[PDB]
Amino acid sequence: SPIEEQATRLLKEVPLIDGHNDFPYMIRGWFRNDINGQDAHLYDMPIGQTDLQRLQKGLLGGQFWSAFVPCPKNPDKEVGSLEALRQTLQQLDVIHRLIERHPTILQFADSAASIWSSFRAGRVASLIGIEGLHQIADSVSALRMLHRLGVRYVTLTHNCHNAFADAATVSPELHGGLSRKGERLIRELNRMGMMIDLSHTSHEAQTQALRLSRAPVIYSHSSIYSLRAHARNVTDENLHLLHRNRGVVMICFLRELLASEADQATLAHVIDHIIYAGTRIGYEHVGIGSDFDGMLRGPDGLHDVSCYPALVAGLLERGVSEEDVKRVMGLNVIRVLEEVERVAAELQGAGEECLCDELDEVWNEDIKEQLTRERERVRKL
């Protein structure tokens, strides 16, 4: 078909970059992060919506792989919070090992330049994002180390409130948006060059973050509230504030977020949501955020990662221009990561002070006096 040729051409011209995929958590569920001698299965998985053969088949240009761990359930909150930090390092480890063992398919990327160079070489640009600030164990130091490990976005919450922000699906509210810590963390995320992700956060937390952020943010996997009312979807108010922010809403394939009856959801609904946002806040502020492997079943026509050419063909079929389709595929999310990087270099170049943790005093006054007396003895030599 001519439109199917056109869609294939576009997929090889520019990278389709998906905002969120939980294939690393499926590896923890199925293999327990032990992928030694499991290549046959990693190429042809017995479960889930993602494997390395179907990933090639769908012609996906890039992917933000989720390093998600669940919200802590231990009655002791100290242990649960610290356990989530260790599990985060396990999920970051298996993502890096997945990329390293399959260098012909996957290539690690942490910037706009590294995405393109990966795409030139014919590989899926493999980026990383964590899903919730519960994963850092209230450590801004840990968060900066996660950035060094290759994490390029942070979802502020998952399905639990944390010290920084409110989740959408939990009531009652704790902070009623962002906390005082949350507001201060937004500055630090902008300074370090970490992309803010507003999926899973409450409507009020989105509004506050969209006004405060000095860099553009994303919704890694969220849909439109006006088409389908849900706590996880983006309101018209926040869509307009996203436009002012210069951010991107990456549209989700979750059936509950697309239709009132989940079994009615389809590829056509995903296209309706993309066109709604593209019409009202422009096609330079819309993306694709599947949430594959964060669900059991997908919409009719978007059942797995091999189905991306049908989405590209569907957008072209409805009258979205080539240039606008390319924007929705990946050019927009590349721009946001590029602008997040530019703002960070701007603020770091100006000598902005970093957010430090509240650390305990480890020395008493007796130890400090011994140290000062010792220093003055050395000065007299």
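For every residue, the number given is its place in the sequence shown, counted from 1.
J.: Would you tell me which stretch averages the higher CA B-factor in the PDB entry, 16-24 or 361-369?
T.: That would be 361-369.
J.: Tell me which stretch has the larger mean Cα B-factor in this entry, 68-76 or 130-138.
T.: 68-76 has the higher mean C-alpha B-factor.
J.: Highest Cα temperature factor in the entry, among the options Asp93, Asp304, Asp272, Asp263: which one is it?
T.: Top of the list by C-alpha B-factor: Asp263.
J.: When you compare the CA B-factors of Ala277, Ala215, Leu143, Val170 as listed in the entry, which one comes out on top?
T.: Comparing C-alpha B-factors across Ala277, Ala215, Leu143, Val170, the top value belongs to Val170.
J.: Lowest, middle or highest third: where is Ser179 by C-alpha B factor in its chain?
T.: Highest third, going by the recorded CA B-factors of the chain.
J.: Can you tell me whether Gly349 has a C-alpha B-factor in the lowest, middle or highest third compared with the other modelled residues of the same chain?
T.: Ranked within chain, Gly349 CA B lands in the highest tercile.
J.: What third of the chain, by the recorded C-alpha B-factor, contains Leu60?
T.: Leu60: CA B-factor falls in the middle third of its chain.
J.: Comparing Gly330 with the other modelled residues of its chain, is its CA B-factor in the lowest, middle or highest third?
T.: Lowest third - that is where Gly330 ends up once the chain's C-alpha B-factors are sorted.
J.: Among the modelled residues of its chain, does the C-alpha B-factor of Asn33 lie in the lowest, middle or highest third?
T.: Middle third, going by the recorded CA B-factors of the chain.
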